[PDB]
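Below is one structure, written out as structure tokens, with a few remarks after it.
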Amino acid sequence: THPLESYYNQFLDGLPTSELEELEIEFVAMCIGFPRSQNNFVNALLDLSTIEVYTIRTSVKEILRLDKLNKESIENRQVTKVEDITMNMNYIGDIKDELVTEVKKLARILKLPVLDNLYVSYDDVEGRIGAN
Amino acid sequence: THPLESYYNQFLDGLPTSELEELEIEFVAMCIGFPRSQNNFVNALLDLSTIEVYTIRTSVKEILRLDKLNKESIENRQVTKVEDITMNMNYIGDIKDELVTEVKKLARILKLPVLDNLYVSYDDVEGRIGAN
Amino acid sequence: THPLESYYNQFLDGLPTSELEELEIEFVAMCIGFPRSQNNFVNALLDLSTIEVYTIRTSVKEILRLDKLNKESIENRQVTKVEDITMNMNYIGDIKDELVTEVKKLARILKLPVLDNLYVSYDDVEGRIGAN
Amino acid sequence: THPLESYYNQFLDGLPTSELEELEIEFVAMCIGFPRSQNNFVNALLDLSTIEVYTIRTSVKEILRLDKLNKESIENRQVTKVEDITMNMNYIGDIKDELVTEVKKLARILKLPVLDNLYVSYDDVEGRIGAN
Amino acid sequence: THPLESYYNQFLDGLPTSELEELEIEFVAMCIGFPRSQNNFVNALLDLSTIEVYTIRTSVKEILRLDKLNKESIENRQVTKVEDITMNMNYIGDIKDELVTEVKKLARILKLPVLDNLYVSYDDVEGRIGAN
Amino acid sequence: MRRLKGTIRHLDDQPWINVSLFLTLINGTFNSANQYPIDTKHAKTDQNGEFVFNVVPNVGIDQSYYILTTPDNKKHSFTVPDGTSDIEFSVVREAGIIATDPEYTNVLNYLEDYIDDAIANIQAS
Amino acid sequence: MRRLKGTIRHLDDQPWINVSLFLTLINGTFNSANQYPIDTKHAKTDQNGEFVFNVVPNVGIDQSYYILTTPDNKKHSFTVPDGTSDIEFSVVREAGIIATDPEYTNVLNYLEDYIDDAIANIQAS
Amino acid sequence: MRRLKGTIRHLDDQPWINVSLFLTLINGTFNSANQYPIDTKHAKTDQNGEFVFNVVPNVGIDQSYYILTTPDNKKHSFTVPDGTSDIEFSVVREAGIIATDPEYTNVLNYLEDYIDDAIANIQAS
């Protein structure tokens, strides 16, 4: 489905550590709202270490998985403790918190601040350029 | 049987990243209350990276799914704890909150000020243009 | 059988999107409180895109369905927790609020302020043309 | 057997949108206390669209049904939770609220102020001409 | 065998809409504490419409029914929750409230002030004529 | 549009005045000329207790079944015969539903007149 | 396209003036040279109560079928005969209403008897 | 390629002016010279209801399946045959449905009676 989903499905034995494919760069820009044109963003890609590449790809895969799980979970929340199994009514909030943590990890790996983007909302770091 | 639903039903290995058809552009315009002819809106429609289009289409599909789910669920709430299955009495509230979340997600993708539309209410930044 | 009920039942496969019918125009006029002869109303009736028409039609179908559901339920509320099924006493309130939300959705699709109509009460915008 | 009840029983499939029969006009005047002579009342009938007439007739049928159910249910309320069925002790209040809602819908369809009537007392608008 | 009841039980198919007999007029006069000879009372007796008379007769029948039900039920209240049937202890209060509601309904039908009568208490507006 | 010179009268043998009599059609009736959908109308007795109704006979698929509701609320069923003359109520009151007018000849005869048009079209103009 | 004419008048035979009427084709139909999707048309009655619709001679590849809703909330089903000429609505409202009497084998026998009636008329012709 | 021609008209000879239509090569295809992946095209009606689509005929190696959506969502499947000249939509699709119901031929029997009359007239000589 998602291009990156298939691209990673190809690499069953972990994920490659070469560099960020154009789709990966694009999705990172999406996740932290840094248009890949922005030099302050592009220079960050430069000098990026190998293990950093691997961690970034891991974080992206986790982001995709959490997004899919969030979409799926909505069918639940209809009920509580159907027979004897009570479900955490805050599960969706937990998924959102994990997503924001993942995007924060992404931004941290690049030493860049998180801006108003897809997931993080109203709690932004150092705006489009400089503090908010 | 929504026109966009029928259009999407064709693609099973994912959603195409080609571009935004006039129908889906119109639907997005409606979802963020932007008359599609507005210059800022069409300008934002430019410079769309492929994965941005993919995410937008996924969000639209989710909007449709949640709308239909609300239509279904409204009949429920007639009861609470039928035998042992207690009902999340704010489930409809949860669906509405997720819907507005997706709407704001679209607005954030297009970096546009989410305005008065059918889903979001009382939080529509900048009104039509320049001022809310 | 409501006229619109049969008219829409004619279209099992989705709903038609060509144009608004004088019957549908009259219905929206009534349920938003606009006499259809108003110049602003008719102006809003022009330039509306096809997906907007489809949304209006599904919304009015929802209005009719919820209105019908409001009648059969009132025979209930004669009882609470018959044997094990507790009753959400606020079901009536829920459906009333749902109808209000649908009317607001109509108002936002037309880009017009929602005025005093039967379903909504005291929550209206700009009275006839100018107010609050 | 209310006269209008039978008159509507004849109209099995929906209800006509032709005009308001003198009995229907009289019943409306009864519901909102507008003697038929009042020009401010008769003018409301003038220019009254069709779907509006259908809504009026639906509301009148509902008024009749709820009123009859009110008298019927009084023989209940003798007990609470006979075996396992606890009943809403406010049920009568619920139907009173429904009736006042119906009469308010009537008054609002005609854009007229609901005055002191048999169903609402001291909670009404504008009285005779400008009383409230 | 109340005389009004023995008059009504003949007209099984609805109730007659001719006019108020001296017995019916006398009963109404008693229920609103208006001596028949009062000029205002008789003046109100004119201008009577069809549905007005029909509803008046229905309300009178309901008055009789509730009055009989009161004496039927007063034997109850001797006990509570026989096996599982708890007893609505204010039930008699509900009967009184509905009865006074019917009396006020009659008063509104005749547009006349409701004054100290045999059923209601302290709801005596503007005495015999304007008084208190 | 047959009239109906029906008159009501109290038990004391005085007439009723300004009292509502209701007349209701049951089946949407129609003829080759016009169509008569299901409608109802009322009337008020004169100072002398007379009342008049202008009604259509029964030529429809189902009889144009009329019902008269009186001030006592009794429903009297009946079926207006054909003709053109003022009718007294009681005569049709005692007469319930009957076989109304001859069976179909007019519409098929119109079709046959169209066939005659074709016949004229055989050779001549 | 034929013209469906119709005269509607109240119980008193007075016309219904500028009152609402609706009509709709149920299923989109296409002829060899054009495609007609579903559409609905509103109309009002004149002073004389008359109303005229320009309507397709509905015979076509797909199911062609009209429903007309009258002020009495009644929906009459009928399919327009082919041809190019004005037709009175009563004709279709009765012929199209013989679709009533589900599985009208009795009225089908009457249709055959009407064919026999036309045969005898021709024999006399 | 071919210019799929189509014409849409209202129930009463009015062209279906200014309404939308869509066509999609539901099954993405290709040919030796070029590749034609799945895509959808939208169009609008003219003042006459005409509409023309430049479409690739179904000569795909595996499959080339077209689906067109009407204003009423009466999605019609078809497959444009090879060729370069234009072709009308009524022909490209054809593929009528059974149109099975008591009210499809109810009046087509009346036209059958008319043609019976015509053959009777012809054989009269």
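Scheme for the structure tokens: letters A, B, ... for chains in order shown; per-chain residue numbers from 1; ligand numbers from 1 in order shown.
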
Contacts of residue 31 (chain C) within 7 Å, only C-alpha atoms, excl. fewer than 3 positions in-chain, as a list in words: residues 27, 28, 117 and 118 of chain C

Spatial neighbours of residue 126 (chain D), max dist 10 Å, only C-alpha atoms, sep filter under 4 positions, as a PyMOL selection string: chain D and resi 112-116+130-132

Next, the residues of the selection above should be written as a compact mmCIF listing (two decimals), in the first residue's frame with C-alpha atoms.
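Generated output (again22.txt):
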# COMPACT_ATOMS: atom_id res chain seq x y z
CA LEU D 112 -45.28 33.21 14.18
CA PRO D 113 -44.86 33.74 17.93
CA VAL D 114 -46.18 30.94 20.11
CA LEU D 115 -48.64 32.56 22.51
CA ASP D 116 -50.46 31.36 25.61
CA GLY D 130 -46.39 42.39 21.71
CA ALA D 131 -47.19 41.19 25.22
CA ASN D 132 -43.95 39.22 25.57

d(CA of residue 7 (chain H), CA of residue 52 (chain H)) in Å: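 Going from CA of residue 7 (chain H) over to CA of residue 52 (chain H) covers 8.9 Å.
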
Test item: chain B residues at most 12 Å from chain H, counting only C-alpha atoms, as a ChimeraX atom specification: /B:1-4,6-12,15-24

May I have the residues from that selection written out with N, CA, C and O atoms, as a PDB file, in the first residue's frame?
ATOM      1  N   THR B   1     -20.968   4.160  -1.560  1.00  0.00           N
ATOM      2  CA  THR B   1     -21.241   4.558  -2.937  1.00  0.00           C
ATOM      3  C   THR B   1     -20.894   6.022  -3.176  1.00  0.00           C
ATOM      4  O   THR B   1     -21.281   6.604  -4.188  1.00  0.00           O
ATOM      5  N   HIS B   2     -20.161   6.610  -2.242  1.00  0.00           N
ATOM      6  CA  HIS B   2     -19.708   7.977  -2.421  1.00  0.00           C
ATOM      7  C   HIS B   2     -18.776   8.046  -3.630  1.00  0.00           C
ATOM      8  O   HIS B   2     -17.939   7.156  -3.816  1.00  0.00           O
ATOM      9  N   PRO B   3     -18.892   9.077  -4.475  1.00  0.00           N
ATOM     10  CA  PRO B   3     -18.057   9.114  -5.687  1.00  0.00           C
ATOM     11  C   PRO B   3     -16.584   8.862  -5.418  1.00  0.00           C
ATOM     12  O   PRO B   3     -15.950   8.082  -6.139  1.00  0.00           O
ATOM     13  N   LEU B   4     -16.022   9.494  -4.389  1.00  0.00           N
ATOM     14  CA  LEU B   4     -14.631   9.234  -4.042  1.00  0.00           C
ATOM     15  C   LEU B   4     -14.438   7.811  -3.544  1.00  0.00           C
ATOM     16  O   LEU B   4     -13.401   7.197  -3.818  1.00  0.00           O
ATOM     17  N   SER B   6     -16.135   5.170  -4.556  1.00  0.00           N
ATOM     18  CA  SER B   6     -16.107   4.358  -5.767  1.00  0.00           C
ATOM     19  C   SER B   6     -14.783   4.518  -6.499  1.00  0.00           C
ATOM     20  O   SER B   6     -14.207   3.536  -6.983  1.00  0.00           O
ATOM     21  N   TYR B   7     -14.278   5.750  -6.585  1.00  0.00           N
ATOM     22  CA  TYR B   7     -13.003   5.982  -7.253  1.00  0.00           C
ATOM     23  C   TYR B   7     -11.875   5.225  -6.564  1.00  0.00           C
ATOM     24  O   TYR B   7     -11.000   4.661  -7.228  1.00  0.00           O
ATOM     25  N   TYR B   8     -11.874   5.208  -5.231  1.00  0.00           N
ATOM     26  CA  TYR B   8     -10.802   4.544  -4.500  1.00  0.00           C
ATOM     27  C   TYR B   8     -10.933   3.029  -4.564  1.00  0.00           C
ATOM     28  O   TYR B   8      -9.929   2.312  -4.494  1.00  0.00           O
ATOM     29  N   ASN B   9     -12.158   2.519  -4.693  1.00  0.00           N
ATOM     30  CA  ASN B   9     -12.354   1.073  -4.681  1.00  0.00           C
ATOM     31  C   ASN B   9     -11.561   0.360  -5.768  1.00  0.00           C
ATOM     32  O   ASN B   9     -11.399  -0.863  -5.699  1.00  0.00           O
ATOM     33  N   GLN B  10     -11.064   1.087  -6.769  1.00  0.00           N
ATOM     34  CA  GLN B  10     -10.362   0.437  -7.870  1.00  0.00           C
ATOM     35  C   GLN B  10      -8.965  -0.001  -7.455  1.00  0.00           C
ATOM     36  O   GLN B  10      -8.461  -1.023  -7.936  1.00  0.00           O
ATOM     37  N   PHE B  11      -8.329   0.751  -6.565  1.00  0.00           N
ATOM     38  CA  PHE B  11      -6.926   0.535  -6.224  1.00  0.00           C
ATOM     39  C   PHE B  11      -6.853  -0.324  -4.968  1.00  0.00           C
ATOM     40  O   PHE B  11      -7.271   0.096  -3.888  1.00  0.00           O
ATOM     41  N   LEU B  12      -6.319  -1.536  -5.111  1.00  0.00           N
ATOM     42  CA  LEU B  12      -6.245  -2.480  -4.003  1.00  0.00           C
ATOM     43  C   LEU B  12      -4.833  -2.613  -3.451  1.00  0.00           C
ATOM     44  O   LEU B  12      -4.658  -2.904  -2.263  1.00  0.00           O
ATOM     45  N   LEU B  15      -3.117   3.394  -2.761  1.00  0.00           N
ATOM     46  CA  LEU B  15      -3.837   4.504  -3.363  1.00  0.00           C
ATOM     47  C   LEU B  15      -2.891   5.261  -4.281  1.00  0.00           C
ATOM     48  O   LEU B  15      -1.769   5.582  -3.862  1.00  0.00           O
ATOM     49  N   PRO B  16      -3.274   5.568  -5.520  1.00  0.00           N
ATOM     50  CA  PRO B  16      -2.308   6.151  -6.454  1.00  0.00           C
ATOM     51  C   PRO B  16      -1.818   7.505  -5.973  1.00  0.00           C
ATOM     52  O   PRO B  16      -2.542   8.260  -5.322  1.00  0.00           O
ATOM     53  N   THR B  17      -0.563   7.803  -6.306  1.00  0.00           N
ATOM     54  CA  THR B  17       0.075   9.060  -5.938  1.00  0.00           C
ATOM     55  C   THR B  17       0.155  10.030  -7.111  1.00  0.00           C
ATOM     56  O   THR B  17       0.915  11.001  -7.055  1.00  0.00           O
ATOM     57  N   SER B  18      -0.607   9.784  -8.174  1.00  0.00           N
ATOM     58  CA  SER B  18      -0.484  10.576  -9.390  1.00  0.00           C
ATOM     59  C   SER B  18      -0.722  12.057  -9.117  1.00  0.00           C
ATOM     60  O   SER B  18       0.205  12.868  -9.206  1.00  0.00           O
ATOM     61  N   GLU B  19      -1.957  12.414  -8.783  1.00  0.00           N
ATOM     62  CA  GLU B  19      -2.298  13.779  -8.411  1.00  0.00           C
ATOM     63  C   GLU B  19      -3.701  13.765  -7.823  1.00  0.00           C
ATOM     64  O   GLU B  19      -4.286  12.704  -7.590  1.00  0.00           O
ATOM     65  N   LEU B  20      -4.244  14.953  -7.583  1.00  0.00           N
ATOM     66  CA  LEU B  20      -5.571  15.107  -7.002  1.00  0.00           C
ATOM     67  C   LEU B  20      -6.559  15.397  -8.124  1.00  0.00           C
ATOM     68  O   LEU B  20      -6.482  16.446  -8.772  1.00  0.00           O
ATOM     69  N   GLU B  21      -7.480  14.468  -8.352  1.00  0.00           N
ATOM     70  CA  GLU B  21      -8.529  14.684  -9.334  1.00  0.00           C
ATOM     71  C   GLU B  21      -9.436  15.825  -8.892  1.00  0.00           C
ATOM     72  O   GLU B  21      -9.526  16.155  -7.707  1.00  0.00           O
ATOM     73  N   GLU B  22     -10.111  16.434  -9.865  1.00  0.00           N
ATOM     74  CA  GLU B  22     -10.986  17.556  -9.550  1.00  0.00           C
ATOM     75  C   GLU B  22     -12.018  17.182  -8.494  1.00  0.00           C
ATOM     76  O   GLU B  22     -12.377  18.017  -7.660  1.00  0.00           O
ATOM     77  N   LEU B  23     -12.500  15.938  -8.503  1.00  0.00           N
ATOM     78  CA  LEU B  23     -13.484  15.531  -7.506  1.00  0.00           C
ATOM     79  C   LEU B  23     -12.890  15.540  -6.106  1.00  0.00           C
ATOM     80  O   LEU B  23     -13.494  16.082  -5.174  1.00  0.00           O
ATOM     81  N   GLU B  24     -11.712  14.946  -5.931  1.00  0.00           N
ATOM     82  CA  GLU B  24     -11.100  14.937  -4.609  1.00  0.00           C
ATOM     83  C   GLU B  24     -10.595  16.318  -4.207  1.00  0.00           C
ATOM     84  O   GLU B  24     -10.638  16.662  -3.021  1.00  0.00           O
TER      85      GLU B  24
END

Residues of chain D within 6 Å of chain C, only C-alpha atoms counted, as a ChimeraX atom specification: /D:13-14,84-88,105,108

After fitting chain G to chain H over every Cα pair taken in order, the RMSD: 8.0 Å

Interface residues on chain F facing chain G, 6 Å, only C-alpha atoms, written as a list in words: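 Therefore, the residues near the partner are residues 32, 34, 35 and 54 of chain F.
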